[PDB]
Amino acid sequence: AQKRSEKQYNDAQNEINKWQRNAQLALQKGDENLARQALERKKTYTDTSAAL
Amino acid sequence: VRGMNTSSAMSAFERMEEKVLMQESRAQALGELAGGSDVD
Numbered sequence: 053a054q055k056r057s058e059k060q061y062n063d064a065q066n067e068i069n070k071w072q073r074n075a076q077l078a079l080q081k082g083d084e085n086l087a088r089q090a091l092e093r094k095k096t097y098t099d100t101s102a103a104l
Numbered sequence: 156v157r158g159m160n161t162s163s164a165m166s167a168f169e170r171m172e173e174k175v176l177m178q179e180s181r182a183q184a185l186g187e188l189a190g203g204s205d206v207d
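Quick note, the sequences are listed as chains A and A', same order. A prime marks a further copy of an entry chain. Heads up: take any position in the first sequence, counting from 1, add 52, and you land on the authors' numbering. Residues 156 to 190, 203 to 207, numbered by the authors' numbering, are exactly what the second sequence covers, in order.
Written out as structure tokens, the structure reads:
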């Protein structure tokens, strides 16, 4: 069970950086809309990482 | 119209509307009771 919990923590941590990269891709290609929306969603992952 | 009760159908419709709005408000209050600069 500990292994499982740490794996979930790692996956959430990885998705945080994934959505940061998506925001950067929005900055490169899209506009402030997608760039800000990426971090808007990333809020939840940052919450869950610590909560876990 | 919302504020007059000449028609029974509207009477019933508005009554149910208010009942449901009150139910949702109850849920929200219960949420509060028991408990964007950074991304900007």
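Even for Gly, the Cβ is constructed at its ideal location relative to N, Cα and C.
Status (buried if at least 16 other CB within 10 Å, exposed otherwise) for residue i
i     : result
A/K94 : buried
A/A87 : buried
A/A53 : exposed
Check whether residue i and residue j have beta carbons under 8 Å apart
i       : j       : result
A/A90   : A/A102  : no
A'/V206 : A/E67   : no
A'/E169 : A'/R157 : yes
A/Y97   : A/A64   : yes
A/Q60   : A/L104  : yes
Chain-ordered neighbours of residue i on chain A, where CB pairs are closer than 8 Å
i       : result
A'/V206 : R88, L91, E92, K94, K95
Extent of the continuous alpha helix (DSSP H) to which residue i belongs
i       : result
A'/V175 : 163-189
A/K59   : 54-80
A/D99   : 84-103
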